[PDB]
Every structure is written in structure tokens, then in C-alpha cells.
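A, B, ... follow the sequence lines: proteins, then strands. Residue 1 opens every chain.
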There are 2 protein chains.
Amino acid sequence: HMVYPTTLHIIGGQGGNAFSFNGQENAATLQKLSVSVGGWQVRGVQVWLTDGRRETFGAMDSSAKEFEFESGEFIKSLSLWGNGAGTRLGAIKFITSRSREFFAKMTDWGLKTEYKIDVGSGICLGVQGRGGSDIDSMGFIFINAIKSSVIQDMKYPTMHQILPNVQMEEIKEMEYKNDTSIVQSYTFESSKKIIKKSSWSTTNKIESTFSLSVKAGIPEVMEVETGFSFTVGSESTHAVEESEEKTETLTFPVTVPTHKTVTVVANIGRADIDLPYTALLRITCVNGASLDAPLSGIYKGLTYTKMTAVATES
Amino acid sequence: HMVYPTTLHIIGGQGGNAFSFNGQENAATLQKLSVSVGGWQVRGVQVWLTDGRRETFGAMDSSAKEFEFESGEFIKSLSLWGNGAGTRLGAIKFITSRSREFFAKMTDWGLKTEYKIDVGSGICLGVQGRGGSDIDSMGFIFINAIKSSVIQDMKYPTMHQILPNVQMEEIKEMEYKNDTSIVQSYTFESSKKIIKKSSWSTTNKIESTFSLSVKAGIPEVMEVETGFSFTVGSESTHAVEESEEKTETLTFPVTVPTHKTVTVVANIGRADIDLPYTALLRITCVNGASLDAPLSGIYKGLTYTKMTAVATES
């Protein structure tokens, strides 16, 4: 027997035309809902997803009430009601993870049959059902309970067509003066705090709805003596926005000839990276099923080269 | 042979009384300097450290010029000059990591031999020299080039005396109704995004001056059957301020007797942690020497228990 990444339980009658308003392809989720009610039915629904899509089913009128989800707010419980003849959706009730409540119901016919819905993870991808003058039937599309949410298959498609802009900064300067007839030897040492940074842009509130990690390598700069080029480092796990603090070091012996001066300057290169990326968001459920949604965005990073030094004789 | 965590090169004459103004013991560093110059000498210096200490040597007058370091700004190069008779300090010049320059010199006699100083890491702990009416001699105390800066031996000395305040939040509710004549069995699943947080307070700008890591475990909550108690998790490496995103899950079978209802509510506990800490900052230099500074502060955290559930029969 087979398992599924979504769960959908439709309540109501058999009439109307099919509709499906589903953010599954890009993992856009339910942001806002507005419901019109009549005497013996839900007349209409208007729905907004987090990618800006918006649509209306059935008929909407001045009786409409709405509910807008806050970022990070999901559904804890949901009930749908038939209208009692069993021919229309009768009412919608849910309670969120922040204990806010929404309830829209037919006015005249007293609320008859309550169906308590399995909301899965509580993360709603939209609605599906049948409508015509009214909402004949409807259910909420939920992602099943989630085990992980990981952005992967990372690509930087314009990377090898673009040159890094490596800016050199001085870190330390020291001078050694040998006024003797014996060649001298000194130890040069230098250090610098650097902060590497990585940022992959996200949209449609996926960063607040899901707990995102990125399984990818980071764009790095690579020293050729033709100049510099981009490559992608070792692959690992990252937060969507991450910084890594480090102390870079450099030490070496300095040989100072008789009756001469040696001046040593230590440098490092710094590169700001701005690159488009494509990737895949994979949401894996507790039941083992999964859902993939293509992503596109921009990567902003800050990286550094190794410390180097120039020794000049005078 | 023997190595040291600090480096100090004094320039000037032989007269005056010894002084030392050094932030070594608590790793307080140079924040601000002000210098008075006369005709044939540096007359005086006033120095401020990042822990608010402040002191003056020699004499200060209306000729005083000052320089204040920005957070994260260190010294890239320093030169000192004698006054030309070789009896006093004659001039100070430095250039910072952000290319800002400070230059204070004797107004009348002219500058001869420049002594380019080894600034080590460029992180200055204060000054040392000899002064009377004027600055007879002075040098800047620098930490040698740094390999690492690590907060360790982490202790929460009041931890055993305060009880965690664990607040329960509902995550999901589902109902299973068995209207048949044989026991039914179902599977409950639930998930919730959580964000754990860790923060160890710092002072004296050590977080901006050094690249700090904390080698410690994270304070967590633990199930006793008196209630809850604090413990410290497994040790690892952390930034001073850190957050971890996670998805908590729960799944189990639900058994429903004939003609009965079972209502399942999934919950999770949340605890804010606010606790004093003591620790040791160890700065290890590239040359192998090191510097210890005792630390005292407060830990602020956010943690969560495992998801649990209550199943109620009706």
C-alpha cells in the first residue's frame, strides 16, 4: 500500500463544476480566505496563496468574512459541515496554532453534520471541490506531517560566465633592518578576523512556513595566476542565511641580507558575490512520501582568499 | 625558546617614572587615544580601554588630538619616533585596518629615524613607558598574532536552584469515532516547526574585536517526575549568539474501542531560559602562547521539549 504527501477530505454534495486551487507546484500556501454564506449553504469562497495567486469559486456577496494568516501561523484543527440535506457545503470552522478562530456558516438551516478533519501538518496548500451558484463541496489540501524541508540541487547558472571581483586589503606591515654583516632571520606573523557570509533569497513565505536547510556547496573564489575564477566548495548543510566567523593567519621566516632592509606587507582578498541560483525544495513527510518544488532566486555571499604577503628588499 | 602572548616595543629616552596601563587581565582593549604635543616632545597621552578604564600620563593641554576606534577596527601599522636629542618620545603614527590615520608629533624639532613597530595582531591592550612632565618613552602593548579565541569551562552556578517554566502549547487535534462493532486502529501523525535559541552575553567589545566561539553544551530542560529540571546538553562549538531551526514530529497508533470516541491532542513544551554564567576566555596566539580572561555574564535561551500527546476516550 502506497503513501501520499498531501491529504484532502471533501465535504458536501455532488453538483457543480470541479475546481482546484493548489499551491503544490511551488509550495505556495494558504495566506487568506474569505467566505460568503447564504441561508442553507456556503455561497462562495475567495482564496489567496502566498505567491500572490488569488481566485474565486461560487458567488461572493456583501456577507463575506475573511481571515488572514500571520507568518508562521498554521491550522491546528478544522471542521467542515454539510448543510443537512447533504447537497452543499454548510460551514467552515478552524482554529490556528496561535489560537485564533474563524467560523463562517449558513444562516437559516441549523448546522447539522460536523466533519472533523485531519489537518496533517496544518500547512494548507489550498482548496479543492465543486462550485456553481454555491459551494457544492469543498475540502482543504494539507501537507501531511512534515519530517524535513531541504533546498537542494543548487545551481549557479551564470557563474562560469562571470568574473569574481576580488578586492585586496592590507592587513599588516612590518620592516626589518639588518645593519650587521651577519644575515638575519626573523619570524613574521599576522592574523585577521573575517566573517564569511551566505544568503539564498526565498519567497512565498517558505522560510517562515517551513524549517529550511540548504544542502549545497558555497560559491568560492579560486586563485589561478591568470586571475580568479568562481567554483563551488565542498557540499554541506546550511541555514538559508548564515555567517561563519574565523581568524585567518599567516606566518613565515624572513631572511634579511647583510646591510639591507626587508619590508613585509600581508594582504587578503575579499569578494562580494551576487549570483542567480536555481534549486529544488524537497519536503519529506513523516510517512515517507515527499513533494518537490522548483525554486529560483539570488545568492549573496561574502568570501575571502588565503592570506598572502609581499617581501620587498631595499 | 620562550614565547609570550604580548609584544611591546618602547621608543624614547631613559628618564621619567615607569607606567603601565594594560587591559590584559580582562582582555579589555584600546578604544580611544588622545595625545598632547609640545615643541620638542610628546607632552602627554590619555588612553581609554573598552571596559571604561581611563588614564593619563605626562601632561595634557589644549593641543590635544584624539582618535576613537570603530568596532572591529584594528591597527595595521604603527611607527614611533624619538625627539631628535633622543631624550623623549617625539611622535606617534598609526594606520588602521580601515585605512584611517592618526599622526601626532613635536611641532618644532623635525623627525629623523622612524621605528616601524611590530603590531602583532594589531589589537592593542594599552601602553607602557616612562613619563614625568612629558612622555620620556612609550610603546603600545599588542596581542601577538591570534590563532583562536574560545570561551570555555562554561558554568551555570545557579542552575540547580531554579525550576524551568515549561509552557505547553497545543499543536494538533484530531478525533477518531468508532461506530462499528469491532475495535479499530488508526495512525496519528503531527509536526511543528520550532526555533531553538542560545545567547551568551559579552562586554568590553570582545565579540567585535575577536572572533569568538563557545566550547560548551546548551542548557536544556529534562523530565523528572517532580516536574522539570535544567541540565546541560552534549558539548560542541557555538557562536556566541545562535539559533537552530528544526521540525519536531510525533506518530503513534490510536486504538478506539467499539462505539467510542478517542480525541487526540498533540502538545509541546516551551521554556525561556535566563541564567547567570561564568566562563574562561582563552586567546591562543600563532606563536603558541596564550592569554586567559575570566568571564561572567548571562545566558538567554529558548528551548523545547519533545512532542507528546493526550488521548481521551468518550
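- Under the side-chain contact (heavy atoms from CB on, under 4.5 Å) rule, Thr29(A) has a single partner from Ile141(A), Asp51(A), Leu125(A), which is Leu125(A).
- Heavy-atom minimum distance, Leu89(A) versus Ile11(A): CD1-O, 3.9 Å.
- Residues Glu242(B) and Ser198(B) have side chains that never bring a donor and an acceptor to within less than 3.5 angstrom of each other.
- Sparse packing is recorded around NZ of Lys155(A), with 12 or fewer heavy atoms of other residues, nucleotides or ligands lying under 6.0 Å away.
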Please list, one pair per line, the donor and acceptor atoms closer than 3.5 Å that link side chains of residues 33-42 of chain A to other protein atoms, with sequence neighbours excluded.
| from | atom 1 | to | atom 2 | distance (Å) |
| --- | --- | --- | --- | --- |
| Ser36(A) | OG | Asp61(A) | N | 3.1 |
| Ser36(A) | OG | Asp61(A) | OD1 | 3.4 |
| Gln41(A) | NE2 | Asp134(A) | OD1 | 3.4 |
| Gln41(A) | NE2 | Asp134(A) | OD2 | 2.8 |

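- When only modelled atom types and interatomic distance are considered, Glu68(A) and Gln31(A) share a side-chain donor-acceptor pair under 3.5 Å.
- Side-chain contact between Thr237(A) and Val214(A): absent, with no pair of heavy atoms (C-beta onward) separated by less than 4.5 Å.
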Under 3.5 Å, which donor-acceptor pairs link side chains of residues 16-25 of chain A to any protein atom two or more places apart or in another chain?
| from | atom 1 | to | atom 2 | distance (Å) |
| --- | --- | --- | --- | --- |
| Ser20(A) | OG | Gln128(A) | OE1 | 2.7 |
| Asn22(A) | OD1 | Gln24(A) | N | 2.8 |
| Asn22(A) | ND2 | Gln24(A) | OE1 | 3.4 |

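- A donor and an acceptor atom, one from each side chain of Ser79(A) and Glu114(A), are located under 3.5 Å apart.
- Of all non-hydrogen atoms in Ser199(A) and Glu241(A), the two that sit nearest each other are OG-OE1, 2.8 Å.
- For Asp118(A) and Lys172(B), the salt-bridge test passes: some basic side-chain N is under 4.0 Å from an acidic carboxylate O.
- No side-chain donor-acceptor contact under 3.5 Å links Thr87(A) to the backbone of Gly13(A).
- For the pair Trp109(A) and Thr107(A), the minimum side-chain heavy-atom distance is 4.5 Å or more.
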Compile the donor-acceptor pairs under 3.5 Å between side chains in residues 254-266 of chain B and protein atoms, sequence neighbours left out, one pair per line.
| from | atom 1 | to | atom 2 | distance (Å) |
| --- | --- | --- | --- | --- |
| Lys260(B) | NZ | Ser314(B) | O | 3.2 |

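- Look at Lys246(A) and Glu244(A) and you find a salt bridge, because one of the NZ, NE, NH1 or NH2 atoms lies within 4.0 Å of a carboxylate O, short of that distance.
- Between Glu73(A) and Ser97(A), the side chains place no donor N or O within less than 3.5 Å of an acceptor N or O (distance only, hydrogens not considered).
- In summary, the aromatic rings of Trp81(A) and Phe103(A) are positioned with their centroids under 6.0 Å apart.
- If you check the side chains of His238(A) and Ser236(A), you find a donor sitting under 3.5 Å from an acceptor.
- The closest side-chain heavy-atom distance from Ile171(B) to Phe74(A) is below 4.5 Å.
- A distance-only check finds a donor-acceptor pair linking the side chain of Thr305(B) to the backbone of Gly269(B) [under 3.5 Å].
- For an aromatic pair to be called close, the ring centres must be under 6.0 Å apart, and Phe94(A) with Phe67(A) satisfies this.
- Side chain of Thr180(B) to main chain of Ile182(B): a donor-acceptor pair is present (N/O by atom type, distance under 3.5 Å, no hydrogens or angles).
- With 3.5 Å as the limit, one finds a donor-acceptor pair spanning the side chains of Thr247(A) and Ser211(B).
- In this structure, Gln14(A) places its CD atom where only 12 or fewer heavy-atom neighbours from other residues, nucleotides or ligands lie under 6.0 Å away.
- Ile195(A) is listed as a side-chain neighbour of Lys193(A), based on a closest heavy-atom distance under 4.5 Å.
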Donor-acceptor contacts under 3.5 Å from residues 222-230 of chain B side chains, at least two apart:
none

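- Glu207(A) and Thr202(A) share a side-chain donor-acceptor pair at under 3.5 Å.
- With sequence neighbours left out, the side-chain hydrogen bond (donor to acceptor under 3.5 Å, both in side chains) criterion links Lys32(A) to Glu66(A).
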Distance-only criterion, 3.5 Å: show the donor-acceptor pairs between side-chain atoms of residues 270-277 of chain A and protein atoms not counting sequence neighbours.
| from | atom 1 | to | atom 2 | distance (Å) |
| --- | --- | --- | --- | --- |
| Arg270(A) | NH1 | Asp272(A) | OD1 | 3.4 |
| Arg270(A) | NH1 | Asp272(A) | OD2 | 2.6 |
| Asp274(A) | OD2 | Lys300(A) | NZ | 2.5 |
| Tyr277(A) | OH | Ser201(A) | O | 2.5 |

